[PDB]
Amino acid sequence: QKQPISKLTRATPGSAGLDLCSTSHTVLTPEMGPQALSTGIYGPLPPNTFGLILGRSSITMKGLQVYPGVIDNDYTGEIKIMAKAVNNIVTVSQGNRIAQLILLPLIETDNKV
């Protein structure tokens, strides 16, 4: 876009996740293995939070696996969805909502950096 994370929207007031759509039309087959789908949405995240990319249930049930992804607080690049056709040929259309971004507290530890 570059579009910030503040332009994502959430389905309902109770929704845990911010919806992420692909900006591309993409056809995916099982033998293709993981593919990085474009979102046009960019990091970074609110202070003291990090992000988790997870699939939507309807999409997962339709045979498209989204691999859990961690977005770091200070990531400033494009948020991509890591996706794979499980059994069937899977077609993603431009603007389909394919994943969700969940925001979570970033816990501070003394681990060396």
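Sequential numbering from 1, following the sequence displayed.
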What stretch has the higher average Cα B-factor here, 64-72 or 84-92? 84-92
Pull the Cα B-factor of residue 16 out of the PDB entry and bin it into the chain's lowest, middle or highest third. middle
Ranked by Cα temperature factor within the chain, is residue 57 in the lowest third, the middle third or the highest third? middle
Of the three thirds of its chain by CA temperature factor, lowest, middle or highest, which one includes residue 29? lowest
